[PDB]
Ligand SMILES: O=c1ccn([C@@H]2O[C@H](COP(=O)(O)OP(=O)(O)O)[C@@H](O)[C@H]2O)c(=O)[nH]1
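Only one chain comes next, encoded as structure tokens, the form deposited without this ligand.
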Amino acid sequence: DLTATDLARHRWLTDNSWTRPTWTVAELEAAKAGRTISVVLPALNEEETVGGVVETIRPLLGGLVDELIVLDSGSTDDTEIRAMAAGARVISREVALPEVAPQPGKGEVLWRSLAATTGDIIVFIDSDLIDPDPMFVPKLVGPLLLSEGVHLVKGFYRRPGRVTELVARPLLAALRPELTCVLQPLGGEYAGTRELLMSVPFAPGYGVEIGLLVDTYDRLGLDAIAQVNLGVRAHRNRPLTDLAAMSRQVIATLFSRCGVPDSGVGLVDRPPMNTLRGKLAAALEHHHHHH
């Protein structure tokens, strides 16, 4: 028999998931209604791929996309100069947020990018993608521009993911089962409103994606979360040591959000950016637990 989780998933997929997100660039630009869109590529030593990702987004710059930033995390290869030649604005962690010393990890980069961007919508795309497609950004922003109440859009790939299927999804089933409807909770391609992203803490390192997903859910529920199919992509092979470290941080971040203490046996969470920037901006929509 269907569970409450099953029923919620069915209707959430009907309303908030797009397998064929075929909005046109023209109709999305027309829907902006004065809102601006920033695209951020976090990057650490991605010289072979960063230019290719920038190249797929560059045609939107000056139309759908208002700024295209590579937030470099201290590369020692040619990541930064290749991003420049490909047509992006390269900003370091230190320039993005001068008053806070950096610490390692991807979450730090995305958090700092909130201070370096101005868009009402911020889109994150990994800089290590081997086969980026030019429609990633349109598909990610579609629900934010057209679907009332959506604040976070997760881009997923159809397959022709061990941490996702063995760690993230089973832990969500135990701790936040409604979120098992999200196909790829750890995915690096996603978009959010400034109102949402400035109001939540950012988990460090490999925990950033899952932390944003759970913080959004705990604040707004499933209604605020959407997902879109970015296309067919094969799984990329990562070393087991990388996967184990990713798993351990996914666990730590889930535990910190879900009331589970953690030994610390294996970086700190950053506070909402609205404690440092945009301090008087309008608050994220209320979602009351009392009446």
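Residue numbers run from 1 along the displayed sequence. Between two forms, the rigid core is the largest collection of C-alphas that superpose within 1.5 Å.
With each structure aligned by its rigid core, the stretch whose Cα atoms sit farther from this model in 8 other deposited structures of this protein, between 19-27 and 270-278, is 270-278. Unmodelled stretch separating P160 from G161: 10 or more residues (count of deposited-sequence residues without coordinates). The entry models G266 and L267 with a gap of 10 or more deposited residues left without coordinates. Mean CA temperature factor is higher for 99-107 when stretches 149-157 and 99-107 are set side by side in the entry. As recorded in the PDB entry, 140-148 is the stretch of 140-148 and 191-199 with the greater mean C-alpha temperature factor. Per-chain ranking of the deposited C-alpha B factor places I69 in the lowest third.
Annotation for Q249: CA B-factor lies in the middle third of the chain's modelled residues. Annotation for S38: CA B-factor lies in the lowest third of the chain's modelled residues. Sort the chain's modelled residues by C-alpha temperature factor and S17 lands in the lowest third, per the entry.
Residue-level temperature factors show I210 in the middle third of its chain, judged at the C-alpha atom.
Keep in mind that the form deposited with this ligand bound is not shown, yet the notes after this line are about it.
In the modelled overlay, this ligand taken from its pose in the deposited complex makes no contact closer than 2.4 Å with any backbone or C-beta atom of this form, which marks the pocket as open. Contact with this ligand in the deposited complex, judged by any heavy atom within 4.5 Å, is made by just one of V109, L140, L212, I122: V109. Exactly one listed residue, out of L44, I69, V65, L230, brings a non-hydrogen atom to within 4.5 Å of this ligand in the deposited complex: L44. Residues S73, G105 and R238 are all found to lie within 4.5 Å of this ligand in the deposited complex, as judged by heavy atom distances. At the 4.5 Å threshold, heavy atoms of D126 reach this ligand in the deposited complex. Residue contact check for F202: none of its heavy atoms lie within 4.5 Å of this ligand in the deposited complex. Between 253-261, 35-43, 57-65, 22-30, the stretch whose residues reach within 4.5 angstroms of this ligand in the deposited complex through a non-hydrogen atom is 35-43.
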